Amino acid sequence: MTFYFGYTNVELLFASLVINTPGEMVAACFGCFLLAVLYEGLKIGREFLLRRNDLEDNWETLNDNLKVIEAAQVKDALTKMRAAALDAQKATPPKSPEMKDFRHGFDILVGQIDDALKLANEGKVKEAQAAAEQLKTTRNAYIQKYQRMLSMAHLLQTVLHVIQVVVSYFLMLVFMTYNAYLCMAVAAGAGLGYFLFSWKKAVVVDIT
Amino acid sequence: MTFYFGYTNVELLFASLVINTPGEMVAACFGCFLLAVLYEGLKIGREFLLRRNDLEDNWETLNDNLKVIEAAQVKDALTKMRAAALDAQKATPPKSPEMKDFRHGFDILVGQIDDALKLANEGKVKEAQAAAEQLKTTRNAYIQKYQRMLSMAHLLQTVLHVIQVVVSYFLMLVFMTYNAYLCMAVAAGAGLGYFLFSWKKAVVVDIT
Amino acid sequence: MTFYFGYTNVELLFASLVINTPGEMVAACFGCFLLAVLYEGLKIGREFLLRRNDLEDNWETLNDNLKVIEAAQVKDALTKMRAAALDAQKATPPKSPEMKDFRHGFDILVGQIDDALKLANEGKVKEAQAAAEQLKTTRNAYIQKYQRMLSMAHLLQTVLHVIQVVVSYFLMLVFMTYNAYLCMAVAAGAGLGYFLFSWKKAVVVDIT
Ligand SMILES: [Zn+2]
Ligand SMILES: [Zn+2]
Ligand SMILES: [Zn+2]
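Protein chains in written order, with our numbering: chain X, 1 to 208; chain V, 209 to 416; chain Z, 417 to 624.
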């Protein structure tokens, strides 16, 4: 009826899956545990990829600052660009020739930025503005199109959200069986699954 | 029993709603799809309105900086105020005479700020402090009371959270029917519904 | 069957709990309301503690800036350290001799920072670098080990997430009974429970 302990005549989501022995029950419990882990890693993983897309900020920081520059306040705009250029260079698609091309474009960006600052530190204004207009040639050349990284990330995240929703309902359905062994397997799988993929995000860098 | 394909003797949440024909099933599937979309737009919409309340920051940034000013470090405090004043002016209640009054108060704020900076750039300190004390007369006049925008937003968001919770349980109950056509309708409605209201937040500005 | 109004032969999650009188029903409704509140406060409380761990930022801000310092750009690095040192001092473990020791170490940090700035404002560079190397002796002495605050917070949050997951399933199971009085009790408990613990986070400081 209602929170029972059993390994007999217990159906599990699908007509083919029924468990009538203890050895079947452990296999059912192991799967419902693993599904409960998989879910927690899915939700946390899906967030981590969403936060990494930060790129959208850096990308807007660069392009917003170019219009801000295009009157010796330019140096502060370019120092904001340099910072944004370096965090943007670290970026990588989720698990190399396009990357090596992308990364090496950003080196040229950061170098050009330093040269435009070198004019602003000496005091030269109009010339530092002319150099910044050349900067937008470089981002078009290397960085702009590869935007691919951002589109890939959004789709991947849509695909994951669907799977996250299916699994949630599936875990509701196994809990709804009212079998205390399955229910506990889910609960324990939620606890430990969260703890582990929580720990792996702490292994990767932690800011904000 | 357990993930069946059917359009016969299928009850849907309410005693009055039962579906015994395929033409009824499509109507049931269309409603459970739409409910699954509506939910995803509700959760995303409810977040977007919560992030927009940013205003709370700008409002505290202004008032925190006034006490910080009230010793030539004032210029940096007022430049923080100016930025905060302009993002605060963009704000608008969720879907005009009070607004036009509110917006036009902020113009006067930003202008007064520039005049207090003009003293600080020349080097004049005590006079730039006296001008800032007049700034708090202006926010009281126009901005302060209209705080209404913030209270409206919090209540709206409470109202939405309730509806978000009802719908979630309702979608659990339709999935719990174990009818594979309804279950799929929800799952598909979660996928596409998320994708669309995800896309509309990308249509609106994207920072942080 | 399907959204019924009743106080007769209604079972509630456990074989021992069955309700056959109206006076039992109110007790069931009060418990399912309270569980619905408790859940909302759990989710919001669990977030508030996660945001407070901010400390991780300040802690990395200090240690990142020390390597940045160890060429008169040091003053801006130390002013970032001072800010980070003061928000870090406000911190406290969730509900005093270790604290008084921890807080008083941070005073010494902020004072040492001011002295290193006093050299940078006069123009002295190499000496301001030598003072910063002494700063890392002080954090080791007082702050570093008490990291305990951070580890305590992560475990507490793991413990809460488990309980949050159990309660969610439990509230699904009471809603699944299809008793309109229990269902409403949950829905109302979600509405009001959210509103209150939403209001208490607004009582505590609100930034970002
Ligand atoms: Zn979770
Ligand atoms: Zn979703
Ligand atoms: Zn909620």
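For each residue, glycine too, the CB sits at the ideal point set by N, CA and C.
Does the distance between the C-beta of residue i and the nearest non-hydrogen atom of ligand 1 fall short of 7 Å?
| i | result |
| --- | --- |
| residue 201 of chain X | no |
| residue 194 of chain X | yes |
| residue 40 of chain X | yes |
| residue 190 of chain X | yes |
Got a sec: does ligand 2 put a non-hydrogen atom nearer than 7 Å to the Cβ of residue i?
| i | result |
| --- | --- |
| residue 26 of chain X | no |
| residue 326 of chain V | no |
| residue 165 of chain X | yes |
| residue 344 of chain V | no |
| residue 459 of chain Z | no |
Let's see if you can read the secondary structure: which residues bound the beta strand (DSSP E) around residue i?
| i | result |
| --- | --- |
| residue 19 of chain X | 14-19 |
Return the Cβ separation of residue i and residue j in integer angstroms, given the expectation that the two are a contact with Cβ distance under 8 Å.
| i | j | result |
| --- | --- | --- |
| residue 343 of chain V | residue 299 of chain V | The Cβ separation is near 19 Å, so there is no contact. |
| residue 15 of chain X | residue 209 of chain V | 6 Å |
| residue 385 of chain V | residue 218 of chain V | 7 Å |
| residue 429 of chain Z | residue 444 of chain Z | That pair is no contact at about 10 Å. |
| residue 602 of chain Z | residue 591 of chain Z | 6 Å |
| residue 142 of chain X | residue 101 of chain X | 6 Å |
| residue 288 of chain V | residue 273 of chain V | 6 Å |
| residue 536 of chain Z | residue 488 of chain Z | 7 Å |
| residue 587 of chain Z | residue 450 of chain Z | Incorrect: roughly 11 Å between the Cβ atoms, too far for contact. |
| residue 213 of chain X | residue 53 of chain X | This structure leaves residue 213 of chain X out entirely; chain X is present only between 1 and 208. |
| residue 396 of chain V | residue 212 of chain V | At roughly 18 Å, the Cβ-Cβ gap does not stay under 8 Å, so residue 396 of chain V and residue 212 of chain V are not in contact. |
| residue 157 of chain V | residue 346 of chain V | Since the first residue shown for chain V is 209 and the last is 416, residue 157 of chain V is missing from the structure and cannot be characterised. |
| residue 164 of chain X | residue 46 of chain X | 6 Å |
| residue 365 of chain V | residue 225 of chain V | Contact flag wrong, Cβ pair sits at about 31 Å. |
With hydrogens ignored, establish whether the beta-carbon of residue i is closer than 7 Å to any heavy atom of ligand 3.
| i | result |
| --- | --- |
| residue 369 of chain V | yes |
At which residues does the alpha helix (DSSP H) containing residue i begin and terminate?
| i | result |
| --- | --- |
| residue 399 of chain V | 388-411 |
According to DSSP, residue i sits in a beta bridge with which residue or residues?
| i | result |
| --- | --- |
| residue 427 of chain Z | Z:434 |
| residue 212 of chain V | V:387 |
Output the residue ranges of the beta strand (DSSP E) runs that lie fully inside the region 442-467 of chain Z and measure 3 residues or longer, sorted by chain position. Complete beta strand (DSSP E) runs here, min 3: none at all.
Sequence ranges, alpha helix (DSSP H) only - wholly within the region 60-137 of chain X, length at least 4: With a minimum length of 4 residues, the continuous alpha helix (DSSP H) runs that stay inside the region 60-137 of chain X are 74-90, 97-122.
Could you tell me which uninterrupted alpha helix (DSSP H) segments, each at least 4 residues in length, are contained entirely in the region 556-581 of chain Z, listed from first to last along the chain? Taken in chain order, the complete alpha helix (DSSP H) segments of 4 or more residues contained in the region 556-581 of chain Z number zero; there are none.
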